[PDB]
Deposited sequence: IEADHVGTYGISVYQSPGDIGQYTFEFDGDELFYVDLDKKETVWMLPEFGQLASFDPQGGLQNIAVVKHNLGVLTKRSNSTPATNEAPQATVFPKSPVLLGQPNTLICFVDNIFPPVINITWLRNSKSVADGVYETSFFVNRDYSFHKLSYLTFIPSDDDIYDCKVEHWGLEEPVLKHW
């Protein structure tokens, strides 16, 4: 469908087993906020938006409850057919023109995610977990997901991915 803008409101996603869920808002392909389900708190992507608008996270919690219910009923209805794993793909690029001694942000872009559970972790072949920000799962037109992982570092690095439908982890070096 054609439009000037798209608002993708109330993206609720639930998976069993494991009881993992996610509730997000989106505008024009960008995440307004996700509701943290453990701290029960609307977490805005841009804090400024968090100072200009508001959203009650309890609505996210009740929508997640509904989607858990529907997941049970439909899990039974189809005679318990399981989710089919998939092959995710990554792509690495920097946020700014890379400048030695001047920091900035590195971006790893995984796509074709289904189901939504990955370890997006990093490679100086040796784990680095500090100064990393992950986004929440974004919704694709094909109902798989994509997710960005940002790594901040000394402009001196492989993005390792551990999904289910990937036989062995796939490292995408820079």
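request  = Note down, first to last, the deposited-sequence stretches for which the model contains no C-alpha atom.
outcome  = Gaps in the modelled chain, taken against the deposited sequence, lie at 124, 158-161.
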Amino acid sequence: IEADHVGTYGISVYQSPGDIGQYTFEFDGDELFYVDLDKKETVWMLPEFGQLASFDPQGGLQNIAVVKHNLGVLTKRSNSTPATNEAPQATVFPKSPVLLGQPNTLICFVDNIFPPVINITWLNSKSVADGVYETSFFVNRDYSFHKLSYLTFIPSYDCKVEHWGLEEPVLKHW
From here on, numbers count along this sequence of modelled residues.
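task = State which stretch shows the higher mean Cα B factor in the entry: 106-114 or 42-50.
result = Going by the record's values, the stretch with the higher mean is 106-114.
request  = Quick one: say whether 65-73 or 144-152 has the higher mean Cα B-factor in the deposited entry.
outcome  = Stretch with the greater average CA B-factor: 144-152.
Highest recorded Cα temperature factor - choice among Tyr9, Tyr23, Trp164, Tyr14 = In the PDB entry, the greatest C-alpha B-factor among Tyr9, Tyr23, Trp164, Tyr14 is found at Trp164.
ask   = According to the deposited entry, which of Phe55, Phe137, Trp122, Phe27 has the largest Cα B-factor?
value = Among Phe55, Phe137, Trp122, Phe27, the PDB entry lists the largest C-alpha B-factor for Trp122.
message = Using the temperature factors of the C-alpha atoms in this entry, rank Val128 within its chain: lowest, middle or highest third.
response = Highest third, going by the recorded CA B-factors of the chain.
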